[PDB]
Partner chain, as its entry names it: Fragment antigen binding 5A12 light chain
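Coming up is one lone chain in structure tokens, specifically the form deposited without the partner chain.
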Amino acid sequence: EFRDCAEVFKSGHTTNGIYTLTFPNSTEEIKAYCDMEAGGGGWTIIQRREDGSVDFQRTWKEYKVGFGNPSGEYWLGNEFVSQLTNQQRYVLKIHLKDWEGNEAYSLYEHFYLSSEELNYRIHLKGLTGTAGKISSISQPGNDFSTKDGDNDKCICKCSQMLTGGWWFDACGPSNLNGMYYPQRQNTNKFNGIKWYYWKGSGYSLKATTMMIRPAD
């Protein structure tokens, strides 16, 4: 059994693909995708967009246990990530693709989610990368919100206004779990897949991937 893609890569399995991981402090398993070829490898994907259209306006429960497929677009799960990220220090790497064929990334030295009781609040430290000098995810990390779980800092329900579950502020500078818009419909959409500090205002990205890995 493996705790994440890092241990998987370190056991000799150096090839990309879906792997079966096990929850820590539990016997439950979970199917995640391991990116072993992207620089160094050992990456555990926790979310992906590219479009295999999965529908991201999911419930609190669904974002907690995961939805979609590891082979395509998916969420992996908040309960698992929270358990992993509290067992040891993880790094978070977000890879983005726009519709003009450009790519970029944001990287955090340390990332972890608080337990469900604290609404899986995100914690971020030390940003680097080509996807902005200022974190597109509001610092002083927010709680996680879903259509049926409003934990943002807005008098409004950010989740329903922009669609998707996310660490919304007063609907901060980003939402990787927003409505997918195809080419030639990806501009001027407060509704799309946004990472403000890279493409800007109403730009809706073509593909996104969130992955974690420890300091290996």
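Numbering follows the first chain given and starts at 1.
Could you settle it for me: does 100 to 108 or 133 to 141 have the higher average Cα B factor in the PDB entry?
-> Of 133 to 141 and 100 to 108, the stretch with the higher C-alpha B-factor average is 133 to 141.
Would you determine, from the values in the PDB entry, which of 69 to 77 and 84 to 92 has the greater average C-alpha temperature factor?
-> The stretch with the larger average C-alpha B-factor is 84 to 92.
Can you pull the Cα B-factors for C171, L176, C34, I46 from the entry and say which is highest?
-> Within the set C171, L176, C34, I46, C171 shows the top C-alpha B-factor.
State the tercile, meaning the lowest, middle or highest third, of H13 with respect to the CA B-factors recorded for its chain.
-> According to the entry, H13 has a C-alpha B-factor in the chain's highest third.
Among all modelled residues of this chain, ranked by Cα B factor, put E29 in the bottom, middle or top third, i.e. lowest, middle or highest.
-> Highest third, going by the recorded CA B-factors of the chain.
Going by the entry, which third of its chain does the Cα temperature factor of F56 land in?
-> It falls in the bottom third of the chain.
Lowest, middle or highest third - CA B-factor, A6 | Lowest third.
Taking the C-alpha B-factors as the PDB entry records them, is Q160 in the lowest, middle or highest third of its chain?
-> Highest third.
Heads up, the form deposited with the partner chain bound isn't pictured, but that's what we're talking about next.
Using 4.5 Å between non-hydrogen atoms, is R58 touching the partner chain in the entry with it bound?
-> Output for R58 is no: heavy atoms all beyond 4.5 Å of the partner chain.
Although the partner chain is absent from this view, report whether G172 comes within 4.5 Å of it in the entry with it bound, heavy atoms only.
-> Heavy-atom contact with the partner chain at 4.5 Å: present for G172.
Would you check, heavy atoms only and a 4.5 Å threshold, whether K147 touches the partner chain in the entry with it bound?
-> No, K147 sits far enough from the partner chain in the entry with it bound that none of its heavy atoms falls within 4.5 Å.
Given that the partner is absent here, does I30 sit within 4.5 Å of the partner chain in the entry with it bound, heavy atoms only?
-> Answer no; every heavy atom of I30 is more than 4.5 Å from the partner chain in the entry with it bound.
Flag this candidate site as yes only if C156, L162 and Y196 all have a heavy atom within 4.5 Å of the partner chain in the entry with it bound; otherwise mark no.
-> Spot residues vs the partner chain: full contact, yes.
Counting only non-hydrogen atoms, which stretch in 163 to 171, 179 to 187, 45 to 53, 66 to 74 is within 4.5 Å of the partner chain in the entry with it bound?
-> Within 4.5 Å of the partner lies stretch 163 to 171.
Taking heavy atoms and a 4.5 Å limit, what residues of 199 to 216 are near the partner chain in the entry with it bound?
-> Sequence-ordered list has one entry, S201.
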